[PDB]
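Enquirer: Below is the file my_file-v4.cif, which contains mmCIF, C-alpha atoms.
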data_upload
#
loop_
_atom_site.group_PDB
_atom_site.id
_atom_site.type_symbol
_atom_site.label_atom_id
_atom_site.label_comp_id
_atom_site.auth_asym_id
_atom_site.auth_seq_id
_atom_site.Cartn_x
_atom_site.Cartn_y
_atom_site.Cartn_z
ATOM 1 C CA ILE A 255 12.016 302.939 17.964
ATOM 2 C CA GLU A 256 11.579 306.649 17.267
ATOM 3 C CA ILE A 257 8.430 306.673 19.407
ATOM 4 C CA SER A 258 10.351 304.950 22.207
ATOM 5 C CA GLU A 259 13.242 307.400 21.892
ATOM 6 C CA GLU A 260 10.781 310.281 22.224
ATOM 7 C CA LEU A 261 9.142 308.661 25.254
ATOM 8 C CA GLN A 262 12.554 308.195 26.872
ATOM 9 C CA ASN A 263 13.517 311.805 26.166
ATOM 10 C CA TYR A 264 10.234 312.907 27.737
ATOM 11 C CA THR A 265 10.779 310.725 30.806
ATOM 12 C CA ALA A 266 14.305 312.092 31.218
ATOM 13 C CA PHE A 267 13.029 315.667 30.899
ATOM 14 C CA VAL A 268 10.191 315.129 33.382
ATOM 15 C CA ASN A 269 12.571 313.564 35.899
ATOM 16 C CA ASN A 270 15.081 316.393 35.501
ATOM 17 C CA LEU A 271 12.246 318.833 36.208
ATOM 18 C CA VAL A 272 10.967 316.923 39.232
ATOM 19 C CA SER A 273 14.325 316.243 40.884
ATOM 20 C CA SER A 274 15.639 319.692 39.934
ATOM 21 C CA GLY A 275 13.451 321.129 42.689
ATOM 22 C CA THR A 276 12.860 324.217 40.532
ATOM 23 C CA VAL A 277 9.126 323.649 40.016
ATOM 24 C CA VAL A 278 7.203 325.331 42.835
ATOM 25 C CA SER A 279 3.685 325.702 41.403
ATOM 26 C CA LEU A 280 1.457 323.796 39.008
ATOM 27 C CA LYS A 281 1.356 326.823 36.707
ATOM 28 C CA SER A 282 5.146 326.709 36.475
ATOM 29 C CA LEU A 283 5.096 322.963 35.804
ATOM 30 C CA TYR A 284 2.478 323.351 33.064
ATOM 31 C CA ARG A 285 4.659 326.106 31.629
ATOM 32 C CA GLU A 286 7.668 323.781 31.585
ATOM 33 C CA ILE A 287 5.960 320.834 29.854
ATOM 34 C CA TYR A 288 3.982 322.919 27.348
ATOM 35 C CA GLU A 289 6.150 321.967 24.380
ATOM 36 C CA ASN A 290 6.463 318.381 25.583
ATOM 37 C CA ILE A 291 2.669 318.134 25.704
ATOM 38 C CA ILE A 292 2.672 319.465 22.142
ATOM 39 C CA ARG A 293 5.270 316.876 21.118
ATOM 40 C CA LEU A 294 3.296 314.037 22.689
ATOM 41 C CA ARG A 295 0.171 315.281 20.911
ATOM 42 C CA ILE A 296 2.047 315.125 17.605
ATOM 43 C CA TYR A 297 3.504 311.686 18.346
ATOM 44 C CA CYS A 298 0.065 310.398 19.342
ATOM 45 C CA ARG A 299 -1.830 311.816 16.369
ATOM 46 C CA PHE A 300 0.703 310.653 13.781
ATOM 47 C CA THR A 301 0.610 307.016 14.930
ATOM 48 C CA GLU A 302 -3.126 306.495 15.485
ATOM 49 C CA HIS A 303 -3.458 304.263 12.403
ATOM 50 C CA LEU A 304 -0.107 302.537 12.912
ATOM 51 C CA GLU A 305 -1.526 299.012 12.673
ATOM 52 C CA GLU A 306 -3.692 299.933 9.659
ATOM 53 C CA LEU A 307 -1.050 301.492 7.379
ATOM 54 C CA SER A 308 2.140 300.592 5.541
ATOM 55 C CA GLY A 309 5.600 302.115 5.768
ATOM 56 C CA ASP A 310 5.364 303.822 2.385
ATOM 57 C CA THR A 311 1.995 305.365 3.254
ATOM 58 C CA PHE A 312 3.642 306.717 6.398
ATOM 59 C CA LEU A 313 6.408 308.033 4.151
ATOM 60 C CA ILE A 314 3.894 309.901 1.987
ATOM 61 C CA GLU A 315 2.080 311.375 4.995
ATOM 62 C CA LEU A 316 5.385 312.424 6.560
ATOM 63 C CA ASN A 317 6.396 314.045 3.280
ATOM 64 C CA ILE A 318 3.157 316.022 3.467
ATOM 65 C CA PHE A 319 3.872 317.004 7.081
ATOM 66 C CA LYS A 320 7.520 317.969 6.517
ATOM 67 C CA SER A 321 6.230 321.171 4.889
ATOM 68 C CA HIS A 322 4.199 322.151 7.957
ATOM 69 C CA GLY A 323 4.677 325.731 9.078
ATOM 70 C CA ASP A 324 4.802 324.721 12.740
ATOM 71 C CA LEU A 325 8.528 324.193 13.325
ATOM 72 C CA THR A 326 7.861 321.502 15.939
ATOM 73 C CA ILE A 327 5.563 319.426 13.720
ATOM 74 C CA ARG A 328 8.067 319.739 10.881
ATOM 75 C CA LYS A 329 10.952 318.671 13.136
ATOM 76 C CA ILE A 330 9.026 315.611 14.301
ATOM 77 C CA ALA A 331 7.941 314.648 10.788
ATOM 78 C CA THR A 332 11.498 315.078 9.515
ATOM 79 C CA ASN A 333 12.895 312.792 12.210
ATOM 80 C CA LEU A 334 10.268 310.100 11.611
ATOM 81 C CA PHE A 335 10.655 310.353 7.830
ATOM 82 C CA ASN A 336 14.445 310.122 8.081
ATOM 83 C CA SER A 337 14.297 306.952 10.183
ATOM 84 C CA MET A 338 11.764 305.276 7.904
ATOM 85 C CA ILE A 339 13.677 306.340 4.795
ATOM 86 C CA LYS B 166 -29.571 316.828 11.225
ATOM 87 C CA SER B 167 -31.715 315.233 13.919
ATOM 88 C CA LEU B 168 -28.734 314.977 16.311
ATOM 89 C CA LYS B 169 -27.872 318.684 15.721
ATOM 90 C CA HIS B 170 -31.523 319.597 16.478
ATOM 91 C CA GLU B 171 -31.497 317.709 19.777
ATOM 92 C CA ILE B 172 -28.179 319.384 20.722
ATOM 93 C CA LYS B 173 -29.702 322.834 20.105
ATOM 94 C CA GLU B 174 -32.782 322.087 22.219
ATOM 95 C CA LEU B 175 -30.703 320.627 25.091
ATOM 96 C CA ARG B 176 -28.286 323.631 25.021
ATOM 97 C CA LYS B 177 -31.272 325.999 25.307
ATOM 98 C CA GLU B 178 -32.744 324.075 28.224
ATOM 99 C CA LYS B 179 -29.357 324.163 29.929
ATOM 100 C CA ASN B 180 -29.071 327.914 29.552
ATOM 101 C CA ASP B 181 -32.576 328.516 30.847
ATOM 102 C CA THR B 182 -32.011 326.204 33.799
ATOM 103 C CA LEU B 183 -28.792 327.986 34.732
ATOM 104 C CA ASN B 184 -30.417 331.410 34.491
ATOM 105 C CA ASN B 185 -33.290 330.167 36.671
ATOM 106 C CA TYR B 186 -30.807 328.751 39.162
ATOM 107 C CA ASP B 187 -29.222 332.137 39.724
ATOM 108 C CA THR B 188 -32.584 333.849 40.091
ATOM 109 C CA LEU B 189 -33.592 331.219 42.630
ATOM 110 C CA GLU B 190 -30.318 331.460 44.541
ATOM 111 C CA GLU B 191 -30.837 335.194 44.941
ATOM 112 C CA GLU B 192 -34.302 334.562 46.428
ATOM 113 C CA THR B 193 -32.794 331.884 48.652
ATOM 114 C CA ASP B 194 -30.167 334.278 50.005
ATOM 115 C CA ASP B 195 -32.672 337.030 50.757
ATOM 116 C CA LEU B 196 -34.668 334.496 52.744
ATOM 117 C CA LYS B 197 -31.541 333.389 54.597
ATOM 118 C CA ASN B 198 -30.690 336.931 55.576
ATOM 119 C CA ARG B 199 -34.215 337.528 56.858
ATOM 120 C CA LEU B 200 -34.094 334.292 58.784
ATOM 121 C CA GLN B 201 -30.737 335.015 60.345
ATOM 122 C CA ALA B 202 -32.200 338.270 61.644
ATOM 123 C CA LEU B 203 -35.278 336.387 63.002
ATOM 124 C CA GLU B 204 -33.280 333.569 64.648
ATOM 125 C CA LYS B 205 -31.030 336.194 66.216
ATOM 126 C CA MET C 1 -14.701 326.514 52.246
ATOM 127 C CA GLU C 2 -16.149 323.020 52.532
ATOM 128 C CA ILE C 3 -15.596 320.268 49.972
ATOM 129 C CA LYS C 4 -18.273 318.926 47.641
ATOM 130 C CA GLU C 5 -18.164 315.416 46.189
ATOM 131 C CA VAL C 6 -18.083 315.131 42.387
ATOM 132 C CA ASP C 7 -16.564 312.723 39.865
ATOM 133 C CA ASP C 8 -13.422 314.131 38.220
ATOM 134 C CA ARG C 9 -11.760 311.618 35.873
ATOM 135 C CA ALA C 10 -9.054 313.037 33.616
ATOM 136 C CA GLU C 11 -9.027 310.835 30.527
ATOM 137 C CA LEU C 12 -8.108 311.231 26.881
ATOM 138 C CA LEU C 13 -10.863 311.927 24.390
ATOM 139 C CA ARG C 14 -12.659 308.955 22.868
ATOM 140 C CA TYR C 15 -13.314 310.351 19.373
ATOM 141 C CA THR C 16 -10.509 312.414 17.832
ATOM 142 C CA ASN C 17 -11.791 312.724 14.254
ATOM 143 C CA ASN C 18 -12.929 316.366 14.508
ATOM 144 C CA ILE C 19 -9.921 317.515 16.567
ATOM 145 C CA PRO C 20 -7.096 319.512 14.937
ATOM 146 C CA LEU C 21 -3.554 318.174 14.881
ATOM 147 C CA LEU C 22 -2.597 320.133 18.016
ATOM 148 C CA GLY C 23 -6.096 320.184 19.487
ATOM 149 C CA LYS C 24 -6.458 319.222 23.118
ATOM 150 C CA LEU C 25 -6.870 315.482 23.644
ATOM 151 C CA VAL C 26 -8.057 315.488 27.282
ATOM 152 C CA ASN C 27 -11.576 316.300 28.393
ATOM 153 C CA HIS C 28 -12.555 319.434 30.306
ATOM 154 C CA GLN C 29 -12.652 319.735 34.075
ATOM 155 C CA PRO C 30 -16.013 320.033 35.859
ATOM 156 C CA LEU C 31 -17.524 323.495 35.504
ATOM 157 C CA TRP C 32 -18.508 325.453 38.597
ATOM 158 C CA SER C 33 -22.068 325.957 37.329
ATOM 159 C CA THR C 34 -22.846 322.228 37.165
ATOM 160 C CA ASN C 35 -20.228 320.510 39.356
ATOM 161 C CA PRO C 36 -18.821 322.861 41.994
ATOM 162 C CA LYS C 37 -16.123 321.248 44.098
ATOM 163 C CA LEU C 38 -16.378 323.830 46.898
ATOM 164 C CA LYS C 39 -19.172 325.634 48.677
ATOM 165 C CA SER C 40 -18.635 329.229 47.607
ATOM 166 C CA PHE C 41 -17.848 331.383 50.634
ATOM 167 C CA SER C 42 -19.898 334.481 49.858
ATOM 168 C CA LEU C 43 -17.782 337.613 49.535
ATOM 169 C CA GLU C 44 -20.292 339.789 51.418
ATOM 170 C CA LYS C 45 -18.830 338.497 54.691
ATOM 171 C CA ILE C 46 -15.429 340.121 54.080
ATOM 172 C CA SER C 47 -16.741 343.426 52.716
ATOM 173 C CA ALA C 48 -15.788 345.166 55.966
ATOM 174 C CA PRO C 49 -12.949 347.664 55.339
ATOM 175 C CA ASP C 50 -10.761 345.557 57.641
ATOM 176 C CA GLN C 51 -11.365 342.272 55.792
ATOM 177 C CA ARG C 52 -11.019 344.090 52.457
ATOM 178 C CA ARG C 53 -7.562 342.667 51.776
ATOM 179 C CA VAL C 54 -8.860 339.125 52.322
ATOM 180 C CA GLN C 55 -11.404 339.570 49.535
ATOM 181 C CA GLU C 56 -8.622 341.226 47.551
ATOM 182 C CA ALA C 57 -6.471 338.110 47.909
ATOM 183 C CA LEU C 58 -9.312 335.763 46.963
ATOM 184 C CA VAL C 59 -10.024 337.868 43.875
ATOM 185 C CA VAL C 60 -6.322 337.912 42.969
ATOM 186 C CA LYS C 61 -6.260 334.121 43.178
ATOM 187 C CA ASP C 62 -9.341 333.874 40.964
ATOM 188 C CA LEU C 63 -7.693 336.311 38.550
ATOM 189 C CA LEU C 64 -4.444 334.352 38.359
ATOM 190 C CA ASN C 65 -6.564 331.311 37.557
ATOM 191 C CA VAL C 66 -8.710 333.112 34.966
ATOM 192 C CA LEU C 67 -5.597 334.443 33.211
ATOM 193 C CA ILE C 68 -5.082 330.893 31.887
ATOM 194 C CA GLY C 69 -8.723 330.197 31.102
ATOM 195 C CA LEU C 70 -9.498 328.370 34.337
ATOM 196 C CA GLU C 71 -12.587 329.674 36.088
ATOM 197 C CA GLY C 72 -12.080 330.744 39.681
ATOM 198 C CA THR C 73 -14.255 330.520 42.752
ATOM 199 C CA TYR C 74 -15.863 333.936 42.222
ATOM 200 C CA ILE C 75 -15.052 334.504 38.531
ATOM 201 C CA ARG C 76 -16.702 331.805 36.428
ATOM 202 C CA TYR C 77 -17.607 331.040 32.839
ATOM 203 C CA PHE C 78 -21.031 332.343 31.911
ATOM 204 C CA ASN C 79 -24.016 330.151 31.145
ATOM 205 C CA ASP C 80 -23.585 329.562 27.394
ATOM 206 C CA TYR C 81 -20.034 328.223 27.789
ATOM 207 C CA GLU C 82 -19.931 324.648 26.478
ATOM 208 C CA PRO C 83 -16.408 323.260 26.950
ATOM 209 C CA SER C 84 -16.834 320.239 24.665
ATOM 210 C CA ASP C 85 -17.816 322.370 21.645
ATOM 211 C CA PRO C 86 -14.617 324.091 20.440
ATOM 212 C CA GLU C 87 -16.447 326.963 18.720
ATOM 213 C CA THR C 88 -18.092 327.996 21.996
ATOM 214 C CA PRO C 89 -18.213 331.667 23.016
ATOM 215 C CA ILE C 90 -16.036 332.762 25.927
ATOM 216 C CA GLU C 91 -16.981 335.286 28.611
ATOM 217 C CA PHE C 92 -16.608 335.340 32.380
ATOM 218 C CA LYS C 93 -19.263 336.329 34.896
ATOM 219 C CA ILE C 94 -18.039 337.969 38.095
ATOM 220 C CA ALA C 95 -19.573 337.434 41.531
ATOM 221 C CA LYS C 96 -22.126 340.195 42.025
ATOM 222 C CA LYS C 97 -21.295 340.472 45.739
ATOM 223 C CA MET C 98 -17.706 341.493 44.962
ATOM 224 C CA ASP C 99 -16.312 344.893 45.898
ATOM 225 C CA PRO C 100 -17.069 347.234 42.959
ATOM 226 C CA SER C 101 -13.432 348.297 42.570
ATOM 227 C CA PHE C 102 -12.463 344.632 42.490
ATOM 228 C CA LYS C 103 -15.231 344.008 39.942
ATOM 229 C CA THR C 104 -13.845 346.762 37.708
ATOM 230 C CA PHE C 105 -10.261 345.536 37.912
ATOM 231 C CA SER C 106 -11.495 341.955 37.512
ATOM 232 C CA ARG C 107 -13.377 342.751 34.308
ATOM 233 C CA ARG C 108 -10.203 344.404 33.029
ATOM 234 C CA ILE C 109 -8.160 341.265 33.762
ATOM 235 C CA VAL C 110 -10.928 338.959 32.496
ATOM 236 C CA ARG C 111 -10.385 340.643 29.148
ATOM 237 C CA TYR C 112 -6.858 339.183 29.098
ATOM 238 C CA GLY C 113 -8.022 335.791 30.347
ATOM 239 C CA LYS C 114 -10.588 335.508 27.560
ATOM 240 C CA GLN C 115 -7.994 336.637 25.026
ATOM 241 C CA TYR C 116 -5.687 333.855 26.225
ATOM 242 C CA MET C 117 -8.438 331.259 25.888
ATOM 243 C CA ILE C 118 -9.361 332.403 22.388
ATOM 244 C CA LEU C 119 -5.747 332.570 21.204
ATOM 245 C CA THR C 120 -4.950 329.095 22.535
ATOM 246 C CA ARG C 121 -8.048 327.759 20.794
ATOM 247 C CA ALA C 122 -6.975 329.663 17.681
ATOM 248 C CA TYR C 123 -3.544 328.118 17.331
ATOM 249 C CA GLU C 124 -4.993 324.703 18.174
ATOM 250 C CA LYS C 125 -7.459 325.116 15.295
ATOM 251 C CA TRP C 126 -4.958 326.640 12.848
ATOM 252 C CA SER C 127 -2.456 323.820 13.385
ATOM 253 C CA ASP C 128 -4.343 321.796 10.750
ATOM 254 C CA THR C 129 -3.078 321.081 7.238
ATOM 255 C CA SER C 130 -6.061 322.704 5.499
ATOM 256 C CA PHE C 131 -4.917 326.158 6.661
ATOM 257 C CA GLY C 132 -1.595 326.595 4.871
ATOM 258 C CA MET C 133 1.887 326.984 6.252
ATOM 259 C CA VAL C 134 1.494 330.740 6.710
ATOM 260 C CA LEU C 135 -1.393 330.322 9.139
ATOM 261 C CA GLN C 136 0.434 327.352 10.649
ATOM 262 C CA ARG C 137 3.529 329.451 11.323
ATOM 263 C CA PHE C 138 1.298 332.174 12.732
ATOM 264 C CA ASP D 112 -7.008 378.248 -32.060
ATOM 265 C CA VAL D 113 -8.246 375.419 -34.289
ATOM 266 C CA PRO D 114 -9.348 371.775 -33.864
ATOM 267 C CA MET D 115 -6.282 370.222 -35.466
ATOM 268 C CA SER D 116 -6.018 366.514 -36.175
ATOM 269 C CA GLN D 117 -4.227 363.800 -34.217
ATOM 270 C CA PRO D 118 -0.697 362.839 -35.367
ATOM 271 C CA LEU D 119 -0.512 361.104 -38.732
ATOM 272 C CA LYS D 120 2.430 358.706 -38.489
ATOM 273 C CA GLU D 121 1.220 357.695 -35.024
ATOM 274 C CA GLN D 122 -2.340 357.276 -36.313
ATOM 275 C CA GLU D 123 -1.325 354.932 -39.129
ATOM 276 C CA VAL D 124 1.052 352.997 -36.871
ATOM 277 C CA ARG D 125 -1.849 352.525 -34.449
ATOM 278 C CA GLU D 126 -4.079 351.320 -37.289
ATOM 279 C CA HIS D 127 -1.506 348.733 -38.378
ATOM 280 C CA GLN D 128 -0.943 347.582 -34.793
ATOM 281 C CA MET D 129 -4.706 347.310 -34.296
ATOM 282 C CA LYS D 130 -4.998 345.145 -37.409
ATOM 283 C CA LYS D 131 -2.256 342.874 -36.063
ATOM 284 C CA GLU D 132 -3.849 342.768 -32.606
ATOM 285 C CA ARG D 133 -7.298 341.933 -33.988
ATOM 286 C CA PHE D 134 -5.742 339.112 -36.006
ATOM 287 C CA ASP D 135 -3.932 337.764 -32.947
ATOM 288 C CA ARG D 136 -7.057 337.966 -30.772
ATOM 289 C CA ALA D 137 -9.126 336.112 -33.368
ATOM 290 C CA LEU D 138 -6.370 333.494 -33.566
ATOM 291 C CA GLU D 139 -6.361 333.042 -29.784
ATOM 292 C CA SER D 140 -10.163 332.832 -29.613
ATOM 293 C CA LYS D 141 -10.040 330.126 -32.286
ATOM 294 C CA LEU D 142 -7.590 328.247 -30.038
ATOM 295 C CA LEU D 143 -10.034 328.236 -27.077
ATOM 296 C CA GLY D 144 -7.950 331.066 -25.631
ATOM 297 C CA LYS D 145 -4.638 330.742 -23.702
ATOM 298 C CA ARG D 146 -6.213 332.000 -20.403
ATOM 299 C CA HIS D 147 -9.535 330.929 -18.835
ATOM 300 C CA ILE D 148 -11.286 330.960 -15.383
ATOM 301 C CA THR D 149 -11.758 328.200 -12.719
ATOM 302 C CA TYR D 150 -13.293 327.130 -9.373
ATOM 303 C CA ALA D 151 -11.805 324.345 -7.135
ATOM 304 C CA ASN D 152 -13.883 321.091 -7.093
ATOM 305 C CA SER D 153 -11.900 319.068 -4.427
ATOM 306 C CA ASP D 154 -9.919 319.434 -1.115
ATOM 307 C CA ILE D 155 -6.935 317.570 0.474
ATOM 308 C CA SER D 156 -7.071 315.230 3.501
ATOM 309 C CA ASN D 157 -4.369 313.172 5.289
ATOM 310 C CA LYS D 158 -4.446 309.379 6.011
ATOM 311 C CA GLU D 159 -2.840 310.090 9.426
ATOM 312 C CA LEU D 160 -6.044 312.019 10.437
ATOM 313 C CA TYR D 161 -8.762 310.316 8.311
ATOM 314 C CA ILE D 162 -12.591 310.774 8.628
ATOM 315 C CA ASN D 163 -15.844 309.078 7.425
ATOM 316 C CA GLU D 164 -18.868 310.219 9.601
ATOM 317 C CA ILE D 165 -19.923 312.574 12.503
#
Produce structure tokens that represent the structure in this file.

Expert:
Amino acid sequence: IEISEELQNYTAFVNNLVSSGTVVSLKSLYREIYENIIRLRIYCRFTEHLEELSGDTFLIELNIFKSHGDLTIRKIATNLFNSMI
Amino acid sequence: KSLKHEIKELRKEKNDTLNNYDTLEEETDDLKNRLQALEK
Amino acid sequence: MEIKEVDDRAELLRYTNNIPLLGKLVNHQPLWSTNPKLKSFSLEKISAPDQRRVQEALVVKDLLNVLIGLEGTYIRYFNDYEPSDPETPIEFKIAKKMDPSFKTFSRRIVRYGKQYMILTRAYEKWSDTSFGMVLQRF
Amino acid sequence: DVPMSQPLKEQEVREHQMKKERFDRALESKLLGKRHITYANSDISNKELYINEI
């Protein structure tokens, strides 16, 4: 459900960009979705072994990642960990 | 180790081929310029 | 400039075991050296002092594309650039038929383009867990 | 003008302190020491990002 919430947030953001008419070049678009590409990278690397792991193993890995220096990775791990906890 | 060896040999061949390509293109262009003068 | 026909499929990477946490997950676009998508219009044909601004504009376009690591039509990665290998070296080679002032300015801007490539690769690498939260925050 | 001697009270205090320090060092050495030296034999990895072969 957290993955789906992130996907829906990303869809909403992409549609606001597109229909906002404020993107005029591909460089500007790539600049706008830089952090959303980062967030999708995080959400797609965390859940690679989703079918092969258990909820408590996810909890341990997310506890390891909640101390990440990268504020975005730590935010994402904190949200996932909070839901699962 | 064997896979890393093959990678190194293939990377070298690639670099030599690309360097040869540029040398050849320069010859090709000189010939084109001479020909354009001759066909003109 | 006339189109060339090459296969350009943008897909995720198949094996992601040796990729950092924030490493790029797509594959690299076709390089100009192996798979050029345009026939390069040689710059010698706009070297006349009247067509100088046309070559200027083409070089400025190539420079705006190099500034984010993307090789241009007349400014390209050099021969030893291997995009799959992440520890590859990064330099740009500039069209030898370019106006020498444009070559000088283009080398100056290529410095910044290469710095951008290396710094992007650097934070991608340092996003791992084996690097510590100080390097991760950097 | 002359090569006088070091202080006397300070000298004997130093001798007593050196006796005590030698005793304490021998006692520590007999207890395998309280400080030693190391090298790290193992590294972390994460089950979210696991590896086995190249």

Enquirer: Enumerate, as a list in words, the residues matched when the PyMOL selection byres ((chain D) within 8 of (chain A)) is run on the file above.

Expert: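 Applying the expression gives residues 157, 158, 159 and 160 of chain D.
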
Enquirer: Specify as a list in words each residue included when the PyMOL selection byres ((chain D) within 8 of (chain C)) is applied to this file.

Expert: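 Output from the PyMOL selection byres ((chain D) within 8 of (chain C)), applied to this file: residues 155, 156, 160, 161 and 162 of chain D.
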
Enquirer: Have a look at C:40, C:27, C:73, C:79 and name the one nearest to residue 185 (chain B); count only C-alpha atoms.

Expert: C:79

Enquirer: Residue 100 (chain C): which residues within 12 Å, counting only C-alpha atoms, same-chain residues fewer than 6 positions away excluded, as a list in words?

Expert: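 Near neighbours after the sequence-gap exclusion: residues 43, 44, 47, 52, 55, 56, 59, 94, 106 and 107 of chain C.
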
Enquirer: Quick one: what's the axis-aligned box for region 137-153 of chain D, all listed atoms, 4 Å on every side, centre and edges in Å to one decimal, as lines of an AutoDock Vina configuration file?

Expert:
center_x = -9.3
center_y = 327.6
center_z = -19.0
size_x = 17.2
size_y = 25.0
size_z = 37.1

Enquirer: State, in Å with one decimal place, the distance from CA of residue 48 (chain C) to CA of residue 65 (chain C).

Expert: 24.8 Å

Enquirer: Could you jot down the CA of residue 132 (chain C) to CA of residue 85 (chain C) separation for me, Å, one decimal place?

Expert: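 CA of residue 132 (chain C) sits 23.7 Å away from CA of residue 85 (chain C).
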
Enquirer: Between C:115, C:29, C:34, C:104, which is the closest to residue 183 (chain B) once you count only C-alpha atoms?

Expert: C:34
